[PDB]
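In what follows, a structure is listed as C-alpha cells, so that the remarks can point back to it.
Please treat every number below as a calculation from the coordinates, not as lab data. All Cβ positions, even for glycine, are placed from backbone atoms using ideal geometry, and neighbour counts span all protein chains on display.
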Amino acid sequence: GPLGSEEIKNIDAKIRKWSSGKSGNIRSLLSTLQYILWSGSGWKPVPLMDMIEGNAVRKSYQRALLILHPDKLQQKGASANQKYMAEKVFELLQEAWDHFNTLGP
C-alpha cells in the first residue's frame, strides 16, 4: 500500500542491491537505470558507449533529472511509493553528478 512498511523496506532493499558498487559513479547508475525504474517511467536505456564524452554524460543526466526530479514526479502524478523510490535514486544520482563534475572515475 502507499508508504506501507513492508513495501517501503522492499524498495529500500532493491535500491541497495541495485546501487551496490555503483555509488558515486554517474555512468554506472545512468547505464543501469532500466533495472531500477518502473515501467513507462520514460527512461530509454543508454549503453556505456553512448555516455563517453562529457556532453553525452550531461545529456543522459538531464534525461534522468526530468524523470526523477521530485517536482517532475509530482507534476506527472506519481504514486507515494514511486516518489519514495525516486527520492532514493535521485539522491544517488546527485552525489554521482557532483563527483563526475570534479573527480570523474
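Structure data summary
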read-out	value
Verdict on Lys88 being among the basic types (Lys, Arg), in contact with a helix residue (DSSP H, G or I) (Cβ under 8 Å, 6 or more places away or on another chain) and more than 24 Å from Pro2 (Cβ to Cβ)	no
Criterion (surrounded by fewer than 17 Cβ atoms within 10 Å (Cβ to Cβ) and without any contact (Cβ under 8 Å) to a residue 12 or more places away in the chain) met by exactly one of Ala80, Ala56	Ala56
Condition broken by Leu103, with the remaining ones in (1) surrounded by 13 or more Cβ atoms within 10 Å (Cβ to Cβ); (2) without any contact (Cβ under 8 Å) to a residue 40 or more places away in the chain; (3) not small (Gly, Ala, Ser) satisfied	(1)
All positions within the range 26-49 that are in a helix (DSSP H, G or I), surrounded by 10 or more Cβ atoms within 10 Å (Cβ to Cβ) and over 12 Å from the mean Cα position of the chain (by Cα)	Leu48
